[PDB]
């Protein structure tokens, strides 16, 4: 049921000047669209969705976790911390940092939450615990964005991203209340309007998390999509390119998402 219908991903990536990796699953039939799906691509900010899921998993054992207020210093505010910079003088709760990391891609929030989990290895351990043997987080913000060609640090594959996203949003990897909180955070993302969402009809529900490393044409998005009248679709679209100053493209991500939906025979 993989690639029943071929789609022109090769032409798309050639025009982009790099590589595009796609994995999309129709959770009803199990049909898939797969292109470069087992290659590694940098996560960039996209690790923050999984980070929030890991915090939610912890919260199942620690009922006071999400309400815990976290104070932080000005030194915590690395570049691109749009929410946490507004609460420097007050603090934010763990839940609020999680929402900020997911919905505004807040970097300070992400580092504070990584500390809660025991760092990159702690997040990696959570991903192993759900059966993902591909994901690896190695570094913190901002160093994890280097996106060096051939470097496996801070990467996953489109396939493993999709598989893990399915387990966490639709499967049993989180308890039901936490699963719905994760979904709600993804649905409230503000940074993805020009990526997978641009390929998804306005009357379908969707949650996503983006990433943009800033170098090597490297950017991404993953999403759960609920078309009306049929089972949800999970998909991941990752890009990279050979040269350090190659620019990412949101349009290319949207276009790859459209091809994926077409390949699944989802009328959109």
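Numbering follows the first chain given and starts at 1.
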I need to verify one thing: averaged over C-alpha atoms only, is the B-factor higher for 137-145 or for 75-83?
75-83
Given 23-31 and 207-215, the range whose Cα B-factors average higher in the PDB entry:
23-31
Given 240, 230, 40, 48, identify the residue with the highest C-alpha B factor in the PDB entry.
230
What's the residue among 186, 175, 160, 101 with the greatest CA temperature factor in the PDB record?
175
Looking at the temperature factor on the CA atom of residue 92, which third of the chain's modelled residues does it land in?
lowest
For residue 115, the third of its chain by CA B-factor is the highest
How does residue 153 rank on Cα B-factor within its chain, lowest, middle or highest third?
lowest
Can you work out whether the C-alpha temperature factor of residue 193 puts it in the lowest, middle or highest third of the chain?
middle
By the recorded C-alpha temperature factor, relative to the other modelled residues in its chain, which third is residue 236 in?
lowest
